[PDB]
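Enquirer: Pasting a structure here, questions to come.
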Amino acid sequence: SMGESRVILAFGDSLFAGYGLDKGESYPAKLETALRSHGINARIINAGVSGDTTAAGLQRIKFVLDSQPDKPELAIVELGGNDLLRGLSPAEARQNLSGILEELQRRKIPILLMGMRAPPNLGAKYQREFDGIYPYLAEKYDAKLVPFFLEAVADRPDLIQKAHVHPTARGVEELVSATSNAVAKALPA
């Protein structure tokens, strides 16, 4: 094929950084290779930062864009999962994401928004509120939306790394039942 590669900014968190994976296994790296089959030679900027909240992304979006030798021709924005994990305000996540999209729009960079979904442990009120910020933002900023970025691994625990283990409340009781004998015996009489 003729010509320089198309530049795509992958702006996200651990899901773009490739946390826990080897060289070239991250989503941006594998997406770059897959686009060849769509007739596209891309150079995907991996701007994934593990642990980034929406506020962290807002804090660095201008710096990341100003650091580019080639202006992105598409920006993929994948943030909010860490706000979820921390139980942070969905309204503030929406505000922070708005600031990121406003900067991209200011520079006339097309946007693809990766939709994030809350797990049920936050409760239905929180989950509905969080989930709704992504279609709202995509409409407001004329961005394309992948409604559920992680949909393809949603029912595939065999495709997810064994990482953090946060017992449920019932899981805690399980651990207490298994370890209280050891604690009682370690406590001097």
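Naming works like this for the structure tokens: A, B, ... for the chains as they're shown, residue 1 at the start of each chain, ligands 1 onward in shown order.
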Find the residues around stretch 100-111 of chain A up to 8 Å (only C-alpha atoms counted), leave out those fewer than 6 positions away in its own chain, and share them as a PyMOL selection string.

Expert: chain A and resi 57-58+61-62+72-77+141-144

Enquirer: Using only C-alpha atoms, which residues of stretch 40-149 of chain A come within 10 Å of stretch 153-176 of chain A, and what is the closest atom pair for each, with the distance in Å to one decimal? Give it as JSON lines, sorted by chain and residue number.

Expert:
```
{"residue": "A:121", "atom": "CA", "partner": "A:168", "partner_atom": "CA", "distance": 8.9}
{"residue": "A:148", "atom": "CA", "partner": "A:154", "partner_atom": "CA", "distance": 9.4}
{"residue": "A:149", "atom": "CA", "partner": "A:153", "partner_atom": "CA", "distance": 9.2}
```

Enquirer: Could you tell me how far atom CA of residue A:26 sits from atom CA of residue A:120, in Å to one decimal place?

Expert: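 Between atom CA of residue A:120 and atom CA of residue A:26 the gap is 27.0 Å.
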
Enquirer: Just to confirm, what's the straight-line distance from atom CA of residue A:71 to atom CA of residue A:3 in Å (one decimal)?

Expert: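 Atom CA of residue A:71 sits 16.1 Å away from atom CA of residue A:3.
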
Enquirer: Taking the DSSP assignment computed from this structure's backbone, write out as a PyMOL selection string all residues of stretch 122-189 of chain A that belong to alpha helix (DSSP H).

Expert: chain A and resi 124-140+169-186

Enquirer: Limited to N, CA, C and O atoms, could you put the picked residues into a file as a CSV table (one decimal), in the first residue's frame?

Expert:
```csv
chain,number,residue,atom,x,y,z
A,124,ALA,N,-28.2,-0.8,41.9
A,124,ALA,CA,-28.9,-0.4,40.7
A,124,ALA,C,-28.9,1.1,40.5
A,124,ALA,O,-28.8,1.6,39.3
A,125,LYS,N,-29.1,1.9,41.6
A,125,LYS,CA,-29.1,3.3,41.4
A,125,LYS,C,-27.8,3.8,40.8
A,125,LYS,O,-27.8,4.6,39.9
A,126,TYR,N,-26.7,3.4,41.4
A,126,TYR,CA,-25.4,3.8,40.9
A,126,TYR,C,-25.1,3.3,39.5
A,126,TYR,O,-24.7,4.0,38.6
A,127,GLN,N,-25.4,2.0,39.3
A,127,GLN,CA,-25.1,1.4,38.0
A,127,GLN,C,-25.9,2.0,36.9
A,127,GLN,O,-25.3,2.3,35.8
A,128,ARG,N,-27.2,2.3,37.1
A,128,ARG,CA,-27.9,3.0,36.0
A,128,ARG,C,-27.3,4.3,35.7
A,128,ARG,O,-27.2,4.7,34.5
A,129,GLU,N,-27.0,5.1,36.8
A,129,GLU,CA,-26.5,6.4,36.6
A,129,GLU,C,-25.2,6.4,35.8
A,129,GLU,O,-25.0,7.1,34.9
A,130,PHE,N,-24.2,5.5,36.3
A,130,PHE,CA,-23.0,5.4,35.6
A,130,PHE,C,-23.1,5.0,34.1
A,130,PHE,O,-22.6,5.7,33.2
A,131,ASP,N,-23.8,3.9,33.9
A,131,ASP,CA,-23.9,3.4,32.5
A,131,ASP,C,-24.5,4.5,31.6
A,131,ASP,O,-24.0,4.5,30.4
A,132,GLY,N,-25.3,5.3,32.1
A,132,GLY,CA,-26.0,6.3,31.2
A,132,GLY,C,-25.1,7.5,30.8
A,132,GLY,O,-25.5,8.2,29.8
A,133,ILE,N,-23.9,7.6,31.4
A,133,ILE,CA,-23.1,8.8,31.0
A,133,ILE,C,-22.6,8.6,29.6
A,133,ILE,O,-22.4,9.6,28.9
A,134,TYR,N,-22.3,7.4,29.1
A,134,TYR,CA,-21.7,7.2,27.8
A,134,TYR,C,-22.6,7.5,26.7
A,134,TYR,O,-22.1,8.3,25.8
A,135,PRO,N,-23.8,7.0,26.6
A,135,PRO,CA,-24.7,7.5,25.5
A,135,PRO,C,-25.0,9.0,25.5
A,135,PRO,O,-25.1,9.6,24.5
A,136,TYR,N,-25.1,9.5,26.7
A,136,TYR,CA,-25.3,11.0,26.9
A,136,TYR,C,-24.1,11.7,26.2
A,136,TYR,O,-24.3,12.7,25.4
A,137,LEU,N,-22.9,11.3,26.6
A,137,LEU,CA,-21.7,12.0,26.1
A,137,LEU,C,-21.5,11.9,24.6
A,137,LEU,O,-21.1,12.8,23.9
A,138,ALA,N,-21.8,10.7,24.1
A,138,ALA,CA,-21.7,10.4,22.6
A,138,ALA,C,-22.6,11.3,21.8
A,138,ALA,O,-22.3,11.8,20.8
A,139,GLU,N,-23.9,11.4,22.3
A,139,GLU,CA,-24.8,12.3,21.6
A,139,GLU,C,-24.4,13.8,21.7
A,139,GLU,O,-24.4,14.5,20.7
A,140,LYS,N,-24.0,14.2,22.9
A,140,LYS,CA,-23.6,15.6,23.1
A,140,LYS,C,-22.5,16.0,22.3
A,140,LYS,O,-22.5,17.2,21.7
A,169,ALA,N,-19.1,-9.8,50.9
A,169,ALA,CA,-19.4,-9.8,52.4
A,169,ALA,C,-19.5,-11.3,52.8
A,169,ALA,O,-19.0,-11.7,53.8
A,170,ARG,N,-20.1,-12.1,52.0
A,170,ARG,CA,-20.2,-13.5,52.3
A,170,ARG,C,-18.9,-14.2,52.1
A,170,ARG,O,-18.5,-15.1,52.9
A,171,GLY,N,-18.1,-13.8,51.1
A,171,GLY,CA,-16.7,-14.3,51.0
A,171,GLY,C,-15.9,-14.0,52.3
A,171,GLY,O,-15.1,-14.8,52.7
A,172,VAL,N,-16.1,-12.8,52.9
A,172,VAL,CA,-15.4,-12.5,54.1
A,172,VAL,C,-15.7,-13.5,55.2
A,172,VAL,O,-14.9,-13.9,55.9
A,173,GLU,N,-17.0,-13.8,55.3
A,173,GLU,CA,-17.4,-14.7,56.4
A,173,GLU,C,-16.8,-16.1,56.1
A,173,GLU,O,-16.4,-16.8,57.1
A,174,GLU,N,-16.6,-16.5,54.9
A,174,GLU,CA,-15.9,-17.7,54.5
A,174,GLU,C,-14.5,-17.7,55.0
A,174,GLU,O,-14.0,-18.7,55.6
A,175,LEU,N,-13.8,-16.6,54.8
A,175,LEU,CA,-12.4,-16.4,55.3
A,175,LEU,C,-12.3,-16.4,56.8
A,175,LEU,O,-11.4,-17.0,57.4
A,176,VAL,N,-13.3,-15.8,57.5
A,176,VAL,CA,-13.3,-15.7,58.9
A,176,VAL,C,-13.5,-17.1,59.5
A,176,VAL,O,-12.8,-17.6,60.4
A,177,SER,N,-14.4,-17.9,58.9
A,177,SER,CA,-14.7,-19.3,59.4
A,177,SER,C,-13.4,-20.1,59.2
A,177,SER,O,-13.1,-21.0,60.1
A,178,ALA,N,-12.6,-19.9,58.2
A,178,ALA,CA,-11.4,-20.7,57.9
A,178,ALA,C,-10.2,-20.3,58.8
A,178,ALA,O,-9.3,-21.1,59.0
A,179,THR,N,-10.2,-19.1,59.3
A,179,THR,CA,-9.0,-18.6,59.9
A,179,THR,C,-9.1,-18.2,61.4
A,179,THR,O,-8.1,-17.9,62.0
A,180,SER,N,-10.4,-18.2,61.9
A,180,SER,CA,-10.5,-17.7,63.3
A,180,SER,C,-9.8,-18.6,64.3
A,180,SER,O,-9.3,-18.1,65.3
A,181,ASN,N,-9.7,-19.9,64.0
A,181,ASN,CA,-9.0,-20.8,64.9
A,181,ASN,C,-7.5,-20.4,65.0
A,181,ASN,O,-7.0,-20.4,66.1
A,182,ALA,N,-6.9,-20.1,63.8
A,182,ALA,CA,-5.5,-19.7,63.8
A,182,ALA,C,-5.3,-18.4,64.6
A,182,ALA,O,-4.3,-18.2,65.3
A,183,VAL,N,-6.3,-17.4,64.4
A,183,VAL,CA,-6.1,-16.1,65.2
A,183,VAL,C,-6.3,-16.4,66.7
A,183,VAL,O,-5.4,-15.9,67.4
A,184,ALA,N,-7.3,-17.1,67.1
A,184,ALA,CA,-7.5,-17.4,68.5
A,184,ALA,C,-6.3,-18.1,69.1
A,184,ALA,O,-5.9,-17.8,70.3
A,185,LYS,N,-5.6,-19.0,68.4
A,185,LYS,CA,-4.5,-19.7,68.9
A,185,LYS,C,-3.2,-18.8,68.9
A,185,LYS,O,-2.3,-19.1,69.8
A,186,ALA,N,-3.1,-17.8,68.1
A,186,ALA,CA,-2.0,-16.9,68.1
A,186,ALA,C,-2.1,-15.9,69.1
A,186,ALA,O,-1.1,-15.3,69.5
```

Enquirer: Taking 4 positions as the minimum chain separation for residues in the same chain, which residues sit within 10 Å of residue A:151 when counting only C-alpha atoms? Answer as a list in words.

Expert: residues 115, 116, 117, 146, 147, 155 and 156 of chain A

Enquirer: Which residue gives the smallest distance to residue A:40 among A:8, A:189, A:55, A:15, with only C-alpha atoms counted?

Expert: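 The closest residue to residue A:40 is A:8.
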
Enquirer: Between A:87, A:34, A:97, A:27, which is the closest to residue A:56 once you count only C-alpha atoms?

Expert: A:97

Enquirer: Atom CA of residue A:31 and atom CA of residue A:95, how far apart in Å?

Expert: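 If I compute the distance from atom CA of residue A:95 to atom CA of residue A:31, I get 28.4 Å.
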
Enquirer: Nearest to residue A:53 among A:99, A:80, A:119, A:28, with distances taken over only C-alpha atoms: which residue is it?

Expert: A:80
